[PDB]
Amino acid sequence: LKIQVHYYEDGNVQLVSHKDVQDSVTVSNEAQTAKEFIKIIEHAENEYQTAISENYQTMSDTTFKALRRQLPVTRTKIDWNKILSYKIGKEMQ
Amino acid sequence: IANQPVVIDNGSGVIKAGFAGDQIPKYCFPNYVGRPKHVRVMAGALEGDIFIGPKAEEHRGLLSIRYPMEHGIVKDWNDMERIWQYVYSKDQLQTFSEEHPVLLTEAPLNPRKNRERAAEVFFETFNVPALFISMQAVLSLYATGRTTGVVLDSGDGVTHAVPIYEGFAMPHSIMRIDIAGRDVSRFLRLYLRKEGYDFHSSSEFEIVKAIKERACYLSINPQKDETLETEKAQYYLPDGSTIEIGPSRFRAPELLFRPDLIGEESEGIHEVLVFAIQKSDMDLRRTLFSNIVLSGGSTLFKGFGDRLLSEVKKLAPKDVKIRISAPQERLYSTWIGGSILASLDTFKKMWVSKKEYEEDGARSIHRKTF
Amino acid sequence: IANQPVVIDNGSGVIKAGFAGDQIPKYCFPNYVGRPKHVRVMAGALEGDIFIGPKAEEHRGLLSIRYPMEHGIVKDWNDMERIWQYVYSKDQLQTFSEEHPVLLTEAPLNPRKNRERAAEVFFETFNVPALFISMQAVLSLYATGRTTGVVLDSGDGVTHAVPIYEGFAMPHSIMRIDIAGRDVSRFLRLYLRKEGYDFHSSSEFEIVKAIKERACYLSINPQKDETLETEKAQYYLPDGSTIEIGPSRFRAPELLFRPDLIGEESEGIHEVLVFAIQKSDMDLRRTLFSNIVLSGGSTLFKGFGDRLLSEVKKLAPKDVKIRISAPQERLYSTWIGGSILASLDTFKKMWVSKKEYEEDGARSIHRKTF
Ligand SMILES: Nc1ncnc2c1ncn2[C@@H]1O[C@H](COP(=O)(O)OP(=O)(O)O)[C@@H](O)[C@H]1O
Ligand SMILES: Nc1ncnc2c1ncn2[C@@H]1O[C@H](COP(=O)(O)OP(=O)(O)O)[C@@H](O)[C@H]1O
């Protein structure tokens, strides 16, 4: 299920993915299993696109904050004045 | 000169005071204000009408003692100065404000008018040149050595479950519902009203608090132990008489976890702390589930923390590492933690100097306290 | 069905309801669940006790009022059904579900589960034969008559910028945040918690929300108006209790622009709106610049849209003609459009019949919603 998204304005977005899948349908007849095989492809497409849609949210928070946090651990504010003042926590922490 | 600083722990029920470096605040007495009752005509009595310590404990029912700090709200400012003066006296400090630095304590959500009012005291009436004031929870962290812990104090009318991480209490997660054993003992006086006894005098109520701190505990089973018939243990009256106890010793502290008994829309310390847990990093919660920092004087009951453990079990899910870290010298743990903090040398900056206070006062504090 | 169609203005903070043709919702009372606080003793004490409306506003101090629509999502489902029965009662509807056509409205980015559960109510408990769950932003466009507009709601637990095109928004360029004046006013109370005001009841907090709607605004200059010292204008409670206001009135709504005051993983609803507009074509963005629609109730602050204008000027590029429509029934704009669409008899195809539910449940709604 090869993908090649190429957005580039103000930050390159060269998104590429796929979905290596292998199913095994039974061949009875042409028109009988034709739509069945297409249905398998269809569901893998719908499912993977759905998975990617969910991946937007899960990566949006999980992957993001996992690599670069959104807010700090306290999530409040970073005041470097008080941070440099007294050596704000390297004493015990 | 920055002499030996004085770690002054302003605990809700009991205020503590002593020089840093020490392990015991040699000058302690509870947090009260004692004015007399009668009029001494003949001599042989003390003078001043503000009797603290051995005078107060001596002339308990002779003095109509009162309490300034009301859930962290103190109003006897002038008399507070006299209390400090009583400590400043030959009895306790024997020194001057200018001579020795002062490490005073605080609680969250306090009105800056009162905080800066205290600065007016120690910089105008008293003239402390090196005064720094801060929370007591961090002091308890110095005592435990832990840095990522949820501190909940237990005084007489103050209970703030503050979750701290590496010495950085998340204000969005800080919980301050300062109410404790004050009204619990008052409700126990209501039990005595439902037994025929009044303790309307503070000293009369002091005995109630003495037995409260003495003959009370936490029956982990709330309604199970509540519905069972008590034995009504006859406890000695100070004169020499004796009176029963009943469920009160465990029934009255149920109000701490069940605030609806007094009719208060609260949730019980444990749930409030779980709410503080909810406002943090999920992974840090597991540490904090095991980083149970106990603090305050009211953490002295049988099955206290264990009933609290049952609360956590009703709150926390499975496979959650729970670990109580109870201290022993609870109120002094914060005092010794202040002795640790005041011993720091980088510590000289954020304390408002006398000239610093002369500069702006209010905003100089605002910016130096934040 | 040949009856006047019911319009349901699903307001987060203040929910409303009404019919077709009308311009103001026929029956208005906010979204809340007022549970009791005491036990009946005297014959005359009402029963059911989970009262709404006159009894609620009347006996605020006697009803433990809670809120189901948390984050714009109802949690007290069954109770909200009964609130609709309260509407179905002699007070508001005086009719049945099966009689009048009904029209439900919605916010963007809503979970399907809520819509499904609502349909369960609508066709199982309630049995409306003519009903469909519509949107809210397009209804405000019906009110304005505009086509390519950005709709910004302003409730209590929901905030969404909906870039619409002729009443058909890009269901992707829309942004939605579930927070407004609820916790903002709670944070304002938190400002007062510092200065001693932790008056915890929701009805007690309803007064704080009356101040939110009354004594609050948005100062365009952030630090130039916040860091300075105010005059602290006073407020008087239902009895007339003197309480100063101060800077808090504009300090607290900065949370909507600076989520760091609460630590929310948002980035200022203004920037989120900018991003909602920026998820479309530049010329389409121009059309949206020309049509900026406001909804909800929190759009009633001084310097609200003005500070928003300043933020857009400091963030959006040049030539952005910020044409913000400022109507008055921003709360009812969604209701107005619901009455407009309710007047549109084309809804036959747009609705979901009872048998349509019998054959599809909510799948029919999900196939027809946009
Ligand atoms: N054994 C005890 N049982 C109950 N409460 C106690 C006991 N010992 C001390 N306390 C409470 O703690 C108060 C003093 O603690 P305090 O210094 O006020 O703690 P905090 O700093 O937590 O406010 C006393 O007034 C009392 O109510
Ligand atoms: N005059 C006002 N000033 C400021 N805020 C207001 C005013 N009137 C209402 N609000 C806010 O709008 C909210 C009403 O919610 P509502 O807008 O009905 O939700 P929705 O956005 O879903 O319609 C209230 O909670 C209140 O905080």
# chains A, B, ... in the order shown; residues from 1 in each chain; ligands from 1
$ residues_near_ligand --ligand "ligand 2" --cutoff "7 Å" --atoms "only C-alpha atoms and all ligand atoms" --output "PyMOL selection string"
chain C and resi 10-15+72+153-156+158-159+180-182+209+212-214+295-301+331
$ select_by_dssp --residues "chain A" --states "strand (DSSP E or B)" --output "PDB file with N, CA, C and O atoms, in the first residue's frame"
ATOM      1  N   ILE A   3       2.856   4.688  -0.337  1.00  0.00           N
ATOM      2  CA  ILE A   3       2.458   6.079  -0.189  1.00  0.00           C
ATOM      3  C   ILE A   3       3.664   6.949  -0.499  1.00  0.00           C
ATOM      4  O   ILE A   3       4.802   6.565  -0.221  1.00  0.00           O
ATOM      5  N   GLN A   4       3.418   8.133  -1.064  1.00  0.00           N
ATOM      6  CA  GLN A   4       4.506   9.075  -1.331  1.00  0.00           C
ATOM      7  C   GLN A   4       3.901  10.476  -1.256  1.00  0.00           C
ATOM      8  O   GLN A   4       3.482  11.046  -2.265  1.00  0.00           O
ATOM      9  N   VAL A   5       3.883  11.034  -0.067  1.00  0.00           N
ATOM     10  CA  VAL A   5       3.344  12.370   0.120  1.00  0.00           C
ATOM     11  C   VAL A   5       4.500  13.337   0.021  1.00  0.00           C
ATOM     12  O   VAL A   5       5.510  13.171   0.709  1.00  0.00           O
ATOM     13  N   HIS A   6       4.376  14.342  -0.839  1.00  0.00           N
ATOM     14  CA  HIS A   6       5.462  15.296  -0.986  1.00  0.00           C
ATOM     15  C   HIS A   6       4.993  16.738  -0.818  1.00  0.00           C
ATOM     16  O   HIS A   6       4.757  17.447  -1.796  1.00  0.00           O
ATOM     17  N   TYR A   7       4.903  17.184   0.427  1.00  0.00           N
ATOM     18  CA  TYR A   7       4.602  18.578   0.690  1.00  0.00           C
ATOM     19  C   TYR A   7       5.966  19.201   0.902  1.00  0.00           C
ATOM     20  O   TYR A   7       6.887  18.544   1.387  1.00  0.00           O
ATOM     21  N   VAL A  13       7.937  17.887   3.615  1.00  0.00           N
ATOM     22  CA  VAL A  13       7.145  16.785   4.140  1.00  0.00           C
ATOM     23  C   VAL A  13       7.182  15.711   3.059  1.00  0.00           C
ATOM     24  O   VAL A  13       6.334  15.660   2.162  1.00  0.00           O
ATOM     25  N   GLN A  14       8.186  14.846   3.129  1.00  0.00           N
ATOM     26  CA  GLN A  14       8.316  13.746   2.185  1.00  0.00           C
ATOM     27  C   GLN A  14       7.899  12.501   2.952  1.00  0.00           C
ATOM     28  O   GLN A  14       8.712  11.749   3.485  1.00  0.00           O
ATOM     29  N   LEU A  15       6.592  12.303   3.023  1.00  0.00           N
ATOM     30  CA  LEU A  15       6.032  11.180   3.751  1.00  0.00           C
ATOM     31  C   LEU A  15       5.858   9.996   2.817  1.00  0.00           C
ATOM     32  O   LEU A  15       5.183  10.097   1.788  1.00  0.00           O
ATOM     33  N   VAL A  16       6.474   8.876   3.183  1.00  0.00           N
ATOM     34  CA  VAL A  16       6.430   7.648   2.400  1.00  0.00           C
ATOM     35  C   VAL A  16       6.182   6.475   3.337  1.00  0.00           C
ATOM     36  O   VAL A  16       6.845   6.346   4.372  1.00  0.00           O
ATOM     37  N   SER A  17       5.229   5.623   2.975  1.00  0.00           N
ATOM     38  CA  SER A  17       4.905   4.434   3.749  1.00  0.00           C
ATOM     39  C   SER A  17       4.215   3.453   2.821  1.00  0.00           C
ATOM     40  O   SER A  17       3.997   3.735   1.641  1.00  0.00           O
TER      41      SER A  17
END
$ interface_residues --of "chain B" --to "chain C" --cutoff "8 Å" --atoms "only C-alpha atoms" --output "PDB file with C-alpha atoms, in the first residue's frame"
ATOM      1  CA  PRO B 108       0.658  27.915  49.435  1.00  0.00           C
ATOM      2  CA  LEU B 109      -2.128  30.328  48.396  1.00  0.00           C
ATOM      3  CA  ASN B 110      -1.330  32.813  51.023  1.00  0.00           C
ATOM      4  CA  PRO B 111      -2.379  36.437  50.604  1.00  0.00           C
ATOM      5  CA  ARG B 112       0.638  38.513  49.688  1.00  0.00           C
ATOM      6  CA  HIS B 172      -1.396  23.216  38.533  1.00  0.00           C
ATOM      7  CA  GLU B 265     -18.255  19.615  49.686  1.00  0.00           C
TER       8      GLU B 265
END
$ interface_residues --of "chain B" --to "chain A" --cutoff "7 Å" --atoms "only C-alpha atoms" --output "PyMOL selection string"
chain B and resi 147+166-167+170+281+346-347+349
$ write_last_selection --atoms "C-alpha atoms" --output "mmCIF file, in the first residue's frame"
data_model
loop_
_atom_site.group_PDB
_atom_site.id
_atom_site.type_symbol
_atom_site.label_atom_id
_atom_site.label_comp_id
_atom_site.auth_asym_id
_atom_site.auth_seq_id
_atom_site.Cartn_x
_atom_site.Cartn_y
_atom_site.Cartn_z
ATOM 1 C CA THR B 147 12.846 15.176 45.485
ATOM 2 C CA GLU B 166 12.587 17.309 41.816
ATOM 3 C CA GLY B 167 11.957 20.255 44.079
ATOM 4 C CA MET B 170 3.576 21.784 40.031
ATOM 5 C CA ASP B 281 2.877 12.871 33.829
ATOM 6 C CA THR B 346 23.922 30.043 47.165
ATOM 7 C CA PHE B 347 20.900 30.779 49.402
ATOM 8 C CA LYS B 349 20.452 35.795 46.781
#
$ residues_around --residues "segment 342-345 of chain C" --least-positions-apart "6" --cutoff "9 Å" --atoms "only C-alpha atoms" --output "ChimeraX atom specification"
/C:4-7,19-21,101-103
$ atom_distance --atom1 "atom CA of residue 116 of chain B" --atom2 "atom CA of residue 48 of chain B"
27.6 Å
$ select_by_dssp --residues "segment 1-175 of chain B" --states "alpha helix (DSSP H)" --output "VMD selection string"
chain B and resid 54 to 58 77 to 88 112 to 120 137 to 144
$ write_last_selection --atoms "N, CA and C atoms" --output "compact mmCIF listing (two decimals), in the first residue's frame"
# COMPACT_ATOMS: atom_id res chain seq x y z
N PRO B 54 5.35 28.14 79.20
CA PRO B 54 5.12 27.67 80.57
C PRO B 54 4.12 28.50 81.33
N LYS B 55 3.99 29.77 80.97
CA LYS B 55 2.99 30.61 81.60
C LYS B 55 1.62 30.18 81.12
N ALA B 56 1.51 29.97 79.81
CA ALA B 56 0.26 29.53 79.20
C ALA B 56 -0.13 28.15 79.70
N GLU B 57 0.82 27.22 79.65
CA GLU B 57 0.59 25.86 80.13
C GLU B 57 0.34 25.85 81.62
N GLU B 58 0.93 26.80 82.31
CA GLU B 58 0.76 26.96 83.73
C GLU B 58 -0.62 27.52 84.02
N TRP B 77 -1.26 39.91 64.26
CA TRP B 77 -0.01 40.51 63.80
C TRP B 77 0.84 41.18 64.85
N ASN B 78 0.24 42.09 65.61
CA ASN B 78 0.96 42.78 66.67
C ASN B 78 1.34 41.79 67.76
N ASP B 79 0.38 40.94 68.11
CA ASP B 79 0.64 39.92 69.10
C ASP B 79 1.55 38.86 68.52
N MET B 80 1.55 38.70 67.19
CA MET B 80 2.47 37.77 66.55
C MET B 80 3.88 38.27 66.76
N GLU B 81 4.06 39.58 66.62
CA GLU B 81 5.34 40.20 66.87
C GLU B 81 5.74 39.99 68.30
N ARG B 82 4.76 40.04 69.20
CA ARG B 82 5.05 39.80 70.59
C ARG B 82 5.39 38.34 70.84
N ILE B 83 4.85 37.45 70.02
CA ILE B 83 5.17 36.04 70.13
C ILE B 83 6.60 35.82 69.68
N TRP B 84 6.98 36.52 68.63
CA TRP B 84 8.33 36.41 68.11
C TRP B 84 9.27 37.05 69.10
N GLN B 85 8.81 38.14 69.69
CA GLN B 85 9.52 38.86 70.72
C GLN B 85 9.72 37.98 71.94
N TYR B 86 8.70 37.16 72.24
CA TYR B 86 8.77 36.18 73.30
C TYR B 86 9.85 35.18 72.95
N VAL B 87 9.97 34.89 71.66
CA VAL B 87 11.06 34.05 71.25
C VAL B 87 12.32 34.90 71.25
N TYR B 88 12.24 36.15 70.76
CA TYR B 88 13.38 37.07 70.77
C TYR B 88 13.89 37.36 72.17
N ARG B 112 -0.61 37.77 49.69
CA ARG B 112 0.64 38.51 49.69
C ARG B 112 0.60 39.71 50.61
N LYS B 113 -0.59 40.18 50.99
CA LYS B 113 -0.70 41.27 51.95
C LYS B 113 -0.16 40.82 53.29
N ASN B 114 -0.51 39.60 53.68
CA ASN B 114 -0.05 39.04 54.94
C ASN B 114 1.42 38.68 54.88
N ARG B 115 1.85 38.15 53.74
CA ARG B 115 3.25 37.77 53.56
C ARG B 115 4.15 38.99 53.62
N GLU B 116 3.80 40.01 52.85
CA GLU B 116 4.55 41.25 52.86
C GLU B 116 4.35 41.99 54.17
N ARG B 117 3.24 41.73 54.86
CA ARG B 117 2.99 42.30 56.17
C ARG B 117 4.01 41.75 57.15
N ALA B 118 4.31 40.46 57.02
CA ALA B 118 5.34 39.85 57.84
C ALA B 118 6.70 40.41 57.47
N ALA B 119 6.87 40.76 56.19
CA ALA B 119 8.12 41.38 55.79
C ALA B 119 8.25 42.76 56.42
N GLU B 120 7.12 43.46 56.55
CA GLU B 120 7.10 44.76 57.21
C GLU B 120 7.55 44.58 58.64
N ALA B 137 6.75 22.03 52.74
CA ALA B 137 6.78 20.75 52.04
C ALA B 137 8.18 20.45 51.51
N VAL B 138 8.86 21.48 51.02
CA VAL B 138 10.21 21.32 50.50
C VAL B 138 11.15 20.95 51.64
N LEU B 139 10.86 21.49 52.81
CA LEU B 139 11.63 21.22 54.02
C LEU B 139 11.51 19.75 54.39
N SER B 140 10.30 19.22 54.24
CA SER B 140 10.08 17.80 54.47
C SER B 140 10.81 16.98 53.42
N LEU B 141 10.93 17.52 52.20
CA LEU B 141 11.66 16.81 51.16
C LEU B 141 13.14 16.74 51.50
N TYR B 142 13.67 17.81 52.12
CA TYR B 142 15.06 17.79 52.54
C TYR B 142 15.26 16.74 53.60
N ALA B 143 14.27 16.61 54.48
CA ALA B 143 14.35 15.60 55.53
C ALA B 143 14.35 14.19 54.95
N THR B 144 13.40 13.91 54.06
CA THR B 144 13.33 12.57 53.47
C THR B 144 14.44 12.34 52.47
$ residues_around --residues "residue 8 of chain C" --least-positions-apart "3" --cutoff "8 Å" --atoms "only C-alpha atoms" --output "MDAnalysis selection string"
chainID C and resid 16:18 102:105 335 338
$ residues_around --residues "residue 279 of chain B" --least-positions-apart "3" --cutoff "7 Å" --atoms "only C-alpha atoms" --output "list in words"
residues 173, 275 and 276 of chain B
$ atom_distance --atom1 "atom CA of residue 60 of chain C" --atom2 "atom CA of residue 204 of chain C"
7.5 Å
$ closest_residue --among "C:363, C:217, C:234, C:333" --to "residue 307 of chain C" --atoms "only C-alpha atoms"
C:217
$ closest_residue --among "B:165, B:370, B:289, B:67" --to "ligand 1" --atoms "only C-alpha atoms and all ligand atoms"
B:67
